[PDB]
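As stored in work.tsv (TSV, C-alpha atoms and all ligand atoms):
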chain	number	residue	atom	x	y	z
F	1	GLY	CA	-18.23	-6.18	-20.71
F	2	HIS	CA	-21.96	-6.22	-21.66
F	3	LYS	CA	-22.53	-9.90	-20.54
F	4	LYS	CA	-21.75	-9.38	-16.79
F	5	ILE	CA	-19.13	-11.83	-15.36
F	6	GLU	CA	-18.65	-14.56	-18.04
F	7	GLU	CA	-18.53	-18.23	-16.87
F	8	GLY	CA	-15.43	-20.25	-17.98
F	9	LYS	CA	-12.84	-17.40	-17.86
F	10	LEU	CA	-11.12	-15.28	-15.13
F	11	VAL	CA	-10.99	-11.44	-15.12
F	12	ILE	CA	-8.52	-10.01	-12.53
F	13	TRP	CA	-8.20	-6.35	-11.35
F	14	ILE	CA	-4.87	-5.15	-9.83
F	15	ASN	CA	-3.55	-1.57	-9.31
F	16	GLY	CA	-1.24	-0.16	-12.05
F	17	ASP	CA	1.70	0.34	-9.57
F	18	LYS	CA	1.86	-3.50	-9.15
F	19	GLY	CA	3.42	-6.24	-11.30
F	20	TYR	CA	0.38	-6.89	-13.58
F	21	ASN	CA	2.59	-8.24	-16.46
F	22	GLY	CA	4.03	-10.81	-13.97
F	23	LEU	CA	0.49	-11.79	-12.83
F	24	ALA	CA	-0.43	-12.04	-16.58
F	25	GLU	CA	2.43	-14.63	-16.96
F	26	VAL	CA	0.87	-16.70	-14.10
F	27	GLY	CA	-2.42	-16.26	-16.06
F	28	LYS	CA	-0.74	-17.72	-19.22
F	29	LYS	CA	0.56	-20.77	-17.22
F	30	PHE	CA	-3.03	-21.28	-15.87
F	31	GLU	CA	-4.47	-21.03	-19.44
F	32	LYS	CA	-1.80	-23.50	-20.77
F	33	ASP	CA	-2.61	-26.05	-17.97
F	34	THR	CA	-6.47	-25.66	-17.77
F	35	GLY	CA	-7.59	-24.09	-21.12
F	36	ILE	CA	-9.21	-21.24	-19.06
F	37	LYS	CA	-8.30	-17.73	-20.38
F	38	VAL	CA	-7.16	-15.24	-17.64
F	39	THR	CA	-7.42	-11.46	-18.38
F	40	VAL	CA	-5.46	-9.03	-16.08
F	41	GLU	CA	-6.82	-5.43	-16.13
F	42	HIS	CA	-5.42	-2.37	-14.23
F	43	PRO	CA	-8.28	0.18	-14.35
F	44	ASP	CA	-7.90	3.73	-12.92
F	45	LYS	CA	-9.58	4.22	-9.45
F	46	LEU	CA	-9.95	0.38	-9.23
F	47	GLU	CA	-10.76	0.58	-5.47
F	48	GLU	CA	-13.67	3.03	-6.24
F	49	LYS	CA	-14.90	1.22	-9.43
F	50	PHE	CA	-15.04	-2.31	-7.85
F	51	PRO	CA	-17.86	-1.60	-5.31
F	52	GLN	CA	-19.96	0.22	-7.99
F	53	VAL	CA	-19.80	-2.65	-10.57
F	54	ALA	CA	-19.67	-5.60	-8.07
F	55	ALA	CA	-23.04	-4.46	-6.55
F	56	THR	CA	-24.73	-4.90	-10.00
F	57	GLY	CA	-23.10	-8.38	-10.35
F	58	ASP	CA	-20.40	-7.14	-12.75
F	59	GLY	CA	-16.65	-6.47	-12.58
F	60	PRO	CA	-13.75	-8.92	-12.09
F	61	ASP	CA	-13.74	-12.53	-10.75
F	62	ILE	CA	-10.73	-11.58	-8.54
F	63	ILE	CA	-9.86	-8.12	-7.09
F	64	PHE	CA	-6.39	-7.22	-5.72
F	65	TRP	CA	-5.98	-4.37	-3.19
F	66	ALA	CA	-4.45	-3.78	0.27
F	67	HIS	CA	-6.63	-5.50	2.95
F	68	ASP	CA	-7.91	-2.10	4.31
F	69	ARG	CA	-10.76	-1.91	1.69
F	70	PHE	CA	-11.88	-5.59	1.99
F	71	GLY	CA	-14.01	-5.19	5.17
F	72	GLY	CA	-16.12	-2.59	3.28
F	73	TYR	CA	-16.45	-4.89	0.21
F	74	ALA	CA	-17.44	-7.79	2.55
F	75	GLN	CA	-19.95	-5.66	4.59
F	76	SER	CA	-21.41	-4.49	1.19
F	77	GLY	CA	-21.90	-8.21	0.21
F	78	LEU	CA	-19.37	-8.07	-2.68
F	79	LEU	CA	-16.87	-10.82	-1.53
F	80	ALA	CA	-17.23	-14.65	-1.41
F	81	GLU	CA	-16.06	-16.33	1.85
F	82	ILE	CA	-12.83	-18.23	0.99
F	83	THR	CA	-12.49	-21.84	2.30
F	84	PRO	CA	-8.74	-22.71	2.20
F	85	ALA	CA	-7.83	-26.08	3.83
F	86	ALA	CA	-5.68	-26.06	7.04
F	87	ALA	CA	-2.87	-27.56	4.84
F	88	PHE	CA	-2.99	-24.41	2.60
F	89	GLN	CA	-3.54	-21.96	5.53
F	90	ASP	CA	-0.30	-23.38	7.16
F	91	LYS	CA	1.73	-22.21	4.06
F	92	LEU	CA	1.06	-18.47	4.89
F	93	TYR	CA	1.94	-16.50	8.09
F	94	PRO	CA	-1.08	-16.32	10.49
F	95	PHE	CA	-0.80	-12.48	10.82
F	96	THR	CA	-1.47	-12.19	7.01
F	97	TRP	CA	-4.69	-14.29	7.44
F	98	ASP	CA	-5.56	-12.04	10.47
F	99	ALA	CA	-5.50	-9.01	8.04
F	100	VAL	CA	-8.12	-10.65	5.70
F	101	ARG	CA	-10.51	-11.87	8.49
F	102	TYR	CA	-13.83	-9.90	8.88
F	103	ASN	CA	-16.55	-11.00	11.43
F	104	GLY	CA	-14.59	-14.28	11.96
F	105	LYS	CA	-14.69	-15.13	8.18
F	106	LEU	CA	-11.70	-15.10	5.73
F	107	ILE	CA	-12.72	-12.75	2.82
F	108	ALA	CA	-9.45	-12.74	0.75
F	109	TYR	CA	-6.11	-14.54	0.10
F	110	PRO	CA	-3.16	-12.53	1.53
F	111	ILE	CA	-0.24	-12.07	-1.00
F	112	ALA	CA	2.39	-9.65	0.43
F	113	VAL	CA	3.19	-7.23	3.33
F	114	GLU	CA	3.90	-3.63	2.14
F	115	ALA	CA	5.39	-0.73	4.13
F	116	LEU	CA	6.93	2.59	2.98
F	117	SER	CA	10.71	2.98	3.50
F	118	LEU	CA	13.16	5.91	3.16
F	119	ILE	CA	14.90	5.52	-0.26
F	120	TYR	CA	18.16	7.53	-0.58
F	121	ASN	CA	20.77	8.26	-3.32
F	122	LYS	CA	24.06	6.88	-1.84
F	123	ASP	CA	26.16	9.11	-4.22
F	124	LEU	CA	24.35	12.37	-3.13
F	125	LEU	CA	23.84	11.25	0.52
F	126	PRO	CA	26.14	8.48	1.88
F	127	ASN	CA	24.66	9.07	5.41
F	128	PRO	CA	20.84	9.51	5.30
F	129	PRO	CA	19.41	11.61	8.19
F	130	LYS	CA	18.00	9.70	11.24
F	131	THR	CA	15.49	12.56	12.07
F	132	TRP	CA	12.88	14.64	10.12
F	133	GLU	CA	14.17	17.70	12.10
F	134	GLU	CA	17.59	17.64	10.28
F	135	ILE	CA	15.99	17.62	6.73
F	136	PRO	CA	15.60	21.46	6.34
F	137	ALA	CA	19.36	22.00	7.10
F	138	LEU	CA	20.26	19.15	4.61
F	139	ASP	CA	17.92	20.74	2.01
F	140	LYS	CA	19.59	24.22	2.48
F	141	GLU	CA	22.98	22.39	1.95
F	142	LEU	CA	21.82	20.44	-1.22
F	143	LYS	CA	19.94	23.48	-2.76
F	144	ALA	CA	23.42	25.17	-2.99
F	145	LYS	CA	24.56	22.19	-5.20
F	146	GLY	CA	21.29	22.48	-7.24
F	147	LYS	CA	19.64	19.46	-5.47
F	148	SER	CA	16.84	18.85	-2.88
F	149	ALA	CA	16.82	16.64	0.27
F	150	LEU	CA	13.38	14.94	-0.11
F	151	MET	CA	10.48	14.55	-2.63
F	152	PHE	CA	7.51	12.15	-2.14
F	153	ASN	CA	3.81	11.90	-3.16
F	154	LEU	CA	1.93	14.57	-1.06
F	155	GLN	CA	-1.39	13.84	-2.95
F	156	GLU	CA	-2.05	10.45	-1.14
F	157	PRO	CA	-2.28	10.40	2.70
F	158	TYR	CA	-0.63	6.91	2.74
F	159	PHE	CA	2.77	8.71	2.29
F	160	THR	CA	2.29	11.56	4.87
F	161	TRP	CA	0.60	9.27	7.49
F	162	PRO	CA	3.95	7.91	8.84
F	163	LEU	CA	4.99	11.46	9.96
F	164	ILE	CA	1.42	12.24	11.22
F	165	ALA	CA	1.29	9.02	13.37
F	166	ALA	CA	4.92	9.35	14.68
F	167	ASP	CA	4.12	11.57	17.76
F	168	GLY	CA	0.70	9.96	18.58
F	169	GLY	CA	-1.64	10.24	15.54
F	170	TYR	CA	-3.85	7.15	14.91
F	171	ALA	CA	-6.89	6.20	12.74
F	172	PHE	CA	-9.08	4.02	15.08
F	173	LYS	CA	-7.97	3.04	18.64
F	174	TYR	CA	-7.38	-0.72	19.06
F	175	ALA	CA	-8.98	-1.23	22.53
F	176	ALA	CA	-9.90	-4.61	24.17
F	177	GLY	CA	-8.88	-6.42	20.92
F	178	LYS	CA	-11.47	-4.35	18.89
F	179	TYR	CA	-11.41	-1.08	16.81
F	180	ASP	CA	-13.30	1.83	18.53
F	181	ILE	CA	-15.04	3.69	15.58
F	182	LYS	CA	-15.91	6.54	18.08
F	183	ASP	CA	-12.17	7.03	19.05
F	184	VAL	CA	-10.34	8.63	16.02
F	185	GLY	CA	-6.81	10.13	16.47
F	186	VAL	CA	-6.43	12.48	13.43
F	187	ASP	CA	-6.98	15.77	15.38
F	188	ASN	CA	-4.76	14.96	18.45
F	189	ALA	CA	-1.53	16.85	19.40
F	190	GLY	CA	0.77	14.27	17.69
F	191	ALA	CA	-1.12	14.39	14.35
F	192	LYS	CA	-1.08	18.24	14.55
F	193	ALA	CA	2.70	18.30	15.31
F	194	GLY	CA	3.30	15.85	12.42
F	195	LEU	CA	1.20	17.69	9.79
F	196	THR	CA	2.48	21.12	11.05
F	197	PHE	CA	6.08	19.87	10.43
F	198	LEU	CA	5.09	18.77	6.86
F	199	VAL	CA	3.28	22.10	6.10
F	200	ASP	CA	6.40	23.96	7.48
F	201	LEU	CA	8.66	21.92	5.11
F	202	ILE	CA	6.39	23.34	2.29
F	203	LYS	CA	6.16	26.96	3.66
F	204	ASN	CA	10.03	27.03	3.89
F	205	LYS	CA	10.20	25.69	0.23
F	206	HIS	CA	11.94	22.37	1.20
F	207	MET	CA	8.99	20.61	-0.60
F	208	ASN	CA	6.15	21.60	-3.06
F	209	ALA	CA	2.44	20.94	-2.19
F	210	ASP	CA	1.73	19.88	-5.85
F	211	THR	CA	4.40	17.06	-5.77
F	212	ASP	CA	2.68	13.73	-6.73
F	213	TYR	CA	3.90	10.10	-7.30
F	214	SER	CA	5.21	10.80	-10.88
F	215	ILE	CA	7.09	14.09	-10.05
F	216	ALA	CA	8.75	12.50	-6.95
F	217	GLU	CA	9.66	9.26	-8.84
F	218	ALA	CA	11.09	11.29	-11.81
F	219	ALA	CA	13.03	13.67	-9.47
F	220	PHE	CA	14.64	10.79	-7.46
F	221	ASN	CA	15.22	8.51	-10.52
F	222	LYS	CA	16.98	11.43	-12.39
F	223	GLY	CA	19.10	12.11	-9.21
F	224	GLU	CA	17.57	15.64	-8.75
F	225	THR	CA	16.59	14.81	-5.08
F	226	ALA	CA	18.60	12.89	-2.41
F	227	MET	CA	15.65	11.00	-0.80
F	228	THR	CA	12.08	9.74	-1.49
F	229	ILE	CA	9.48	7.70	0.52
F	230	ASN	CA	7.93	4.72	-1.37
F	231	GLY	CA	7.16	0.95	-1.32
F	232	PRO	CA	8.80	-2.19	-2.77
F	233	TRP	CA	6.83	-1.82	-6.09
F	234	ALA	CA	8.93	1.35	-6.79
F	235	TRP	CA	12.39	-0.43	-6.70
F	236	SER	CA	12.12	-1.86	-10.29
F	237	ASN	CA	12.13	1.68	-11.90
F	238	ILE	CA	15.05	2.81	-9.63
F	239	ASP	CA	16.99	-0.35	-10.76
F	240	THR	CA	16.54	0.70	-14.48
F	241	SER	CA	17.79	4.28	-13.57
F	242	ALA	CA	21.43	5.40	-13.03
F	243	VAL	CA	20.82	5.88	-9.25
F	244	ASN	CA	22.77	3.88	-6.61
F	245	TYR	CA	19.99	3.76	-3.96
F	246	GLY	CA	19.60	2.45	-0.40
F	247	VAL	CA	16.30	1.54	1.37
F	248	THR	CA	16.44	2.29	5.14
F	249	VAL	CA	14.40	3.15	8.30
F	250	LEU	CA	12.12	6.22	7.92
F	251	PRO	CA	13.39	9.30	9.86
F	252	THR	CA	12.23	9.76	13.53
F	253	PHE	CA	10.03	12.78	14.54
F	254	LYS	CA	10.32	14.27	18.09
F	255	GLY	CA	12.60	11.23	18.68
F	256	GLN	CA	9.77	8.71	17.93
F	257	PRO	CA	9.74	6.40	14.86
F	258	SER	CA	7.65	7.19	11.73
F	259	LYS	CA	4.69	4.72	11.85
F	260	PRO	CA	3.80	3.66	8.27
F	261	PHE	CA	0.36	2.03	7.82
F	262	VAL	CA	1.18	-1.60	6.88
F	263	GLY	CA	-0.88	-3.02	3.97
F	264	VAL	CA	-1.35	-6.71	3.08
F	265	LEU	CA	-1.89	-6.91	-0.72
F	266	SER	CA	-4.85	-9.35	-0.89
F	267	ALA	CA	-6.96	-11.18	-3.54
F	268	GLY	CA	-10.76	-11.25	-3.04
F	269	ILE	CA	-13.25	-13.33	-5.07
F	270	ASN	CA	-16.28	-11.36	-6.39
F	271	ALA	CA	-19.42	-12.73	-4.60
F	272	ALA	CA	-21.18	-12.61	-8.05
F	273	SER	CA	-18.36	-14.58	-9.84
F	274	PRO	CA	-19.62	-17.84	-11.37
F	275	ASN	CA	-15.89	-18.94	-11.41
F	276	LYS	CA	-15.16	-19.23	-7.63
F	277	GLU	CA	-13.61	-22.77	-7.86
F	278	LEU	CA	-11.44	-21.60	-10.84
F	279	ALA	CA	-10.44	-18.44	-8.82
F	280	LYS	CA	-9.58	-20.65	-5.75
F	281	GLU	CA	-7.54	-23.01	-8.06
F	282	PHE	CA	-5.70	-20.02	-9.70
F	283	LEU	CA	-4.91	-18.25	-6.37
F	284	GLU	CA	-4.03	-21.40	-4.27
F	285	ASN	CA	-2.29	-23.63	-6.91
F	286	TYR	CA	-0.78	-21.01	-9.34
F	287	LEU	CA	-0.32	-17.52	-7.72
F	288	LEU	CA	0.48	-18.49	-4.06
F	289	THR	CA	3.54	-20.62	-5.06
F	290	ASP	CA	7.31	-19.80	-5.21
F	291	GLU	CA	7.01	-19.67	-9.07
F	292	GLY	CA	3.77	-17.59	-9.01
F	293	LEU	CA	5.05	-15.00	-6.49
F	294	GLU	CA	8.51	-14.99	-8.24
F	295	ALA	CA	6.83	-14.17	-11.63
F	296	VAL	CA	5.01	-11.14	-10.04
F	297	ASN	CA	8.02	-10.07	-7.83
F	298	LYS	CA	10.32	-10.08	-10.95
F	299	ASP	CA	7.98	-7.50	-12.66
F	300	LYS	CA	7.55	-5.24	-9.54
F	301	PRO	CA	8.70	-6.29	-6.02
F	302	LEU	CA	5.78	-7.40	-3.74
F	303	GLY	CA	7.67	-6.71	-0.46
F	304	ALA	CA	7.48	-9.47	2.21
F	305	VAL	CA	5.24	-12.18	0.65
F	306	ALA	CA	2.72	-14.09	2.87
F	307	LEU	CA	4.04	-17.46	1.51
F	308	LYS	CA	6.62	-18.77	4.07
F	309	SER	CA	8.56	-20.84	1.44
F	310	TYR	CA	9.27	-17.75	-0.79
F	311	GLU	CA	9.51	-15.24	2.15
F	312	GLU	CA	12.55	-17.19	3.59
F	313	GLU	CA	14.37	-16.63	0.20
F	314	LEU	CA	13.53	-12.86	-0.08
F	315	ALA	CA	14.14	-12.08	3.68
F	316	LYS	CA	17.94	-12.05	2.88
F	317	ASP	CA	17.39	-8.87	0.71
F	318	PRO	CA	18.29	-5.82	2.92
F	319	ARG	CA	15.55	-3.75	1.09
F	320	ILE	CA	12.98	-6.26	2.50
F	321	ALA	CA	14.74	-6.27	5.93
F	322	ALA	CA	14.28	-2.43	5.88
F	323	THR	CA	10.64	-2.83	4.64
F	324	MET	CA	9.93	-5.18	7.63
F	325	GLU	CA	11.90	-2.93	10.07
F	326	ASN	CA	9.65	0.02	8.96
F	327	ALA	CA	6.54	-2.29	9.10
F	328	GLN	CA	7.41	-3.36	12.72
F	329	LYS	CA	7.51	0.39	13.71
F	330	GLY	CA	4.06	1.08	12.20
F	331	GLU	CA	0.73	-0.69	12.69
F	332	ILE	CA	-1.34	-2.93	10.34
F	333	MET	CA	-4.27	-1.07	8.71
F	334	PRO	CA	-7.75	-1.89	10.05
F	335	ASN	CA	-10.00	-3.64	7.46
F	336	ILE	CA	-13.23	-2.17	9.04
F	337	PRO	CA	-15.74	-0.60	6.58
F	338	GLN	CA	-14.99	2.94	7.96
F	339	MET	CA	-11.40	2.97	6.47
F	340	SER	CA	-12.68	4.36	3.12
F	341	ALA	CA	-14.17	7.43	4.96
F	342	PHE	CA	-11.00	7.81	7.13
F	343	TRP	CA	-8.76	7.86	4.01
F	344	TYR	CA	-11.04	10.36	2.18
F	345	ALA	CA	-11.03	12.63	5.30
F	346	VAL	CA	-7.22	12.49	5.82
F	347	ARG	CA	-6.65	12.99	2.00
F	348	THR	CA	-8.74	16.23	2.10
F	349	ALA	CA	-7.07	17.34	5.39
F	350	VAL	CA	-3.48	16.92	4.07
F	351	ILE	CA	-4.20	18.58	0.65
F	352	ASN	CA	-6.13	21.49	2.31
F	353	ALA	CA	-3.32	22.01	4.94
F	354	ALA	CA	-0.43	21.56	2.41
F	355	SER	CA	-2.06	23.95	-0.16
F	356	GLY	CA	-2.60	26.53	2.67
F	357	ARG	CA	-6.40	26.58	1.97
F	358	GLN	CA	-6.94	25.61	5.68
F	359	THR	CA	-4.88	25.64	8.92
F	360	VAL	CA	-3.51	22.23	10.08
F	361	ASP	CA	-5.74	22.42	13.22
F	362	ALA	CA	-8.97	23.15	11.22
F	363	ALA	CA	-8.07	20.69	8.39
F	364	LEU	CA	-7.53	17.88	10.97
F	365	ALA	CA	-10.52	18.98	13.17
F	366	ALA	CA	-12.75	18.61	10.02
F	367	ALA	CA	-11.12	15.24	9.09
F	368	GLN	CA	-11.73	13.90	12.66
F	369	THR	CA	-15.52	14.54	12.43
F	370	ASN	CA	-15.68	13.39	8.75
F	371	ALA	CA	-13.82	10.11	9.57
F	372	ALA	CA	-16.72	9.11	11.89
F	373	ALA	CA	-19.23	8.93	8.95
N	1	LIG	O1	-3.52	6.98	0.20
N	1	LIG	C1	-4.73	6.40	0.68
N	1	LIG	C2	-4.70	4.94	0.28
N	1	LIG	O2	-3.66	4.33	1.04
N	1	LIG	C3	-3.46	2.95	0.68
N	1	LIG	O3	-3.13	2.82	-0.73
N	1	LIG	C4	-1.75	2.60	-1.06
N	1	LIG	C5	-1.58	1.10	-1.24
N	1	LIG	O4	-1.79	0.41	-0.01
N	1	LIG	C6	-0.19	0.80	-1.80
N	1	LIG	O5	0.01	-0.61	-1.92
N	1	LIG	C7	-0.06	1.47	-3.16
N	1	LIG	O6	-1.01	0.98	-4.09
N	1	LIG	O7	-0.28	2.87	-3.03
N	1	LIG	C8	-1.44	3.34	-2.36
N	1	LIG	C9	-1.21	4.82	-2.14
N	1	LIG	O8	-1.80	5.52	-3.24
N	1	LIG	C10	-4.74	2.19	1.07
N	1	LIG	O9	-4.68	0.77	0.88
N	1	LIG	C11	-5.90	2.75	0.27
N	1	LIG	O10	-7.08	2.09	0.70
N	1	LIG	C12	-6.03	4.23	0.53
N	1	LIG	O11	-7.06	4.74	-0.32
N	2	CU	CU	-19.42	-6.65	-23.58
Before we go any further, please render this structure as structure tokens.
Amino acid sequence: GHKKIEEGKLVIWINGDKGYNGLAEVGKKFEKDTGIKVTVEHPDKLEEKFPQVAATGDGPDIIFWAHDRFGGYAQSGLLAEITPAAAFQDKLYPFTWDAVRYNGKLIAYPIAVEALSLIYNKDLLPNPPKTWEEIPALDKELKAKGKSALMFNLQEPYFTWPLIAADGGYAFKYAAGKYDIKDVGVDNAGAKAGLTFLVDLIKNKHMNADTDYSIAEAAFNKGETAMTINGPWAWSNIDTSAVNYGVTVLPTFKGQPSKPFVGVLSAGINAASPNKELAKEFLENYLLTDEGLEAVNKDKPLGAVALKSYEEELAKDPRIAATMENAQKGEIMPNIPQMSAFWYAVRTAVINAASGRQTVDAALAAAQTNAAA
């Protein structure tokens, strides 16, 4: 890594929860056809490392993340403008392009639409609950049989946001077709109700504040818990397990739907890459094809891909129908540079409230001020 970005090869960064072995296979096909070697890496804290190394002219040729970080990368000067032809643009849904547009420029290729769904064990729970409010009662009932109702990652605000946003929580107000960076909705009554409900689930021992991705995945996949909250990428490991699972609508809170933040998995080209044409060729002609997306989706499901041709095939899968039904109830993440600060603030708020180190009201009051920074 001592020679900066090397000309005549492609280095790709993608998060470890994604289908990197699939993407590697698309890499191999590219190498066979072009002679250009493609390396797929999955470094820890990818989304934090990229801006550090990209600024010095290092790091990958291509970076994969949800669109929410890309505005920051672009504002920081780390992303090449992408120049897809109208012919190519027509192959992907316009709303996916909308997610990767910053100051009227396209700054990434959209790949797939992700939203959290309720995942339930059909053998333990033939009828999943429609409301958050009925989960304590269900937990009391399952705890008698040595089970629990619900376990999900409490360490990442992505997973708790849906409950927080349900009764009127929001990140940045979309007003007059723009995001108001002065109008943050993390310390409003809805957000407070939402987080208070979550902290109560913990106080009444229906959930544990320390529960992370691994613990929740293990618990559900061993059939110790009736329900989890997760994204398409998680289905592969549940398939391999004994569990007969359904993916369905998230529970309502105070009779309003859970509002998951919708992410578009996106591929940006490092502004310092000397391999931009090769990156464009790889993403347009190899990855964003039925065969390309199929290779990745076979490893770990992408959700609802941006490519119309392949989306029409996958749309018939009720898991993806449920993904899109959840997506339609939530709102697409902003890509504005402030999202990084917002996420850091909400992360701290939820951990501090869940651990009991701070009150919900104080935790969220602090987050609100910190988000505008
Ligand atoms: O939790 C804050 C985190 O939320 C999102 O990250 C998700 C990501 O979108 C999913 O595709 C998957 O990788 O899991 C992540 C949750 O750990 C935001 O995109 C990210 O910026 C933010 O830090
Ligand atoms: Cu080196």
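Proximity of F:82, F:164, F:74, F:265 to residue 190 in chain F, computed with all atoms listed in the file, is greatest for F:164.
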Using only C-alpha atoms and all ligand atoms, which residues of the polymer chains come no farther than 9 Å from ligand LIG 1 (chain N)? I'd like the answer as a JSON list (two decimals) with C-alpha atoms, in the frame of the given file.
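The resulting result.json:
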[["chain", "number", "residue", "atom", "x", "y", "z"],
["F", 15, "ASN", "CA", -3.55, -1.57, -9.31],
["F", 16, "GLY", "CA", -1.24, -0.16, -12.05],
["F", 17, "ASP", "CA", 1.70, 0.34, -9.57],
["F", 18, "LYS", "CA", 1.86, -3.50, -9.15],
["F", 47, "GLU", "CA", -10.76, 0.58, -5.47],
["F", 65, "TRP", "CA", -5.98, -4.37, -3.19],
["F", 66, "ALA", "CA", -4.45, -3.78, 0.27],
["F", 67, "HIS", "CA", -6.63, -5.50, 2.95],
["F", 68, "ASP", "CA", -7.91, -2.10, 4.31],
["F", 69, "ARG", "CA", -10.76, -1.91, 1.69],
["F", 114, "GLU", "CA", 3.90, -3.63, 2.14],
["F", 115, "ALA", "CA", 5.39, -0.73, 4.13],
["F", 116, "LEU", "CA", 6.93, 2.59, 2.98],
["F", 153, "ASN", "CA", 3.81, 11.90, -3.16],
["F", 155, "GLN", "CA", -1.39, 13.84, -2.95],
["F", 156, "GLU", "CA", -2.05, 10.45, -1.14],
["F", 157, "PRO", "CA", -2.28, 10.40, 2.70],
["F", 158, "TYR", "CA", -0.63, 6.91, 2.74],
["F", 159, "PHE", "CA", 2.77, 8.71, 2.29],
["F", 160, "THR", "CA", 2.29, 11.56, 4.87],
["F", 161, "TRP", "CA", 0.60, 9.27, 7.49],
["F", 213, "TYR", "CA", 3.90, 10.10, -7.30],
["F", 230, "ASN", "CA", 7.93, 4.72, -1.37],
["F", 231, "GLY", "CA", 7.16, 0.95, -1.32],
["F", 232, "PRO", "CA", 8.80, -2.19, -2.77],
["F", 233, "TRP", "CA", 6.83, -1.82, -6.09],
["F", 261, "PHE", "CA", 0.36, 2.03, 7.82],
["F", 262, "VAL", "CA", 1.18, -1.60, 6.88],
["F", 263, "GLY", "CA", -0.88, -3.02, 3.97],
["F", 264, "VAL", "CA", -1.35, -6.71, 3.08],
["F", 265, "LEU", "CA", -1.89, -6.91, -0.72],
["F", 333, "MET", "CA", -4.27, -1.07, 8.71],
["F", 339, "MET", "CA", -11.40, 2.97, 6.47],
["F", 340, "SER", "CA", -12.68, 4.36, 3.12],
["F", 342, "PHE", "CA", -11.00, 7.81, 7.13],
["F", 343, "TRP", "CA", -8.76, 7.86, 4.01],
["F", 344, "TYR", "CA", -11.04, 10.36, 2.18],
["F", 346, "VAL", "CA", -7.22, 12.49, 5.82],
["F", 347, "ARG", "CA", -6.65, 12.99, 2.00]]
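When only C-alpha atoms are used to measure the gap to residue 21 in chain F, the shortest distance among F:106, F:295, F:63, F:365 belongs to F:295.
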Go through chain F residue by residue and, counting all atoms listed in the file, keep those with an atom at most 12 Å from ligand CU 2 (chain N); for each kept residue give the shortest atom pair and its distance in Å to one decimal, ordered by chain and increasing number, as a Markdown table.
| residue | atom | partner | partner_atom | distance |
| --- | --- | --- | --- | --- |
| F:1 | CA | N:CU2 | CU | 3.1 |
| F:2 | CA | N:CU2 | CU | 3.2 |
| F:3 | CA | N:CU2 | CU | 5.4 |
| F:4 | CA | N:CU2 | CU | 7.7 |
| F:5 | CA | N:CU2 | CU | 9.7 |
| F:6 | CA | N:CU2 | CU | 9.7 |
| F:58 | CA | N:CU2 | CU | 10.9 |
| F:59 | CA | N:CU2 | CU | 11.3 |
Work out how far apart CA of residue 260 in chain F and CA of residue 322 in chain F are and give it in Å to one decimal.
-> 12.4 Å
Work out how far CA of residue 173 in chain F is from CA of residue 257 in chain F, in Å to one decimal.
-> 18.4 Å
Which residue out of F:166, F:138, F:227, F:279 has the minimum interatomic distance to residue 60 in chain F when all atoms listed in the file are used?
-> F:279
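Between residue 9 in chain F and the residues F:193, F:364, F:175, F:278, the shortest atom-to-atom distance, using all atoms listed in the file, involves F:278.
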Between CA of residue 45 in chain F and CA of residue 151 in chain F - distance in Å to one decimal | 23.6 Å
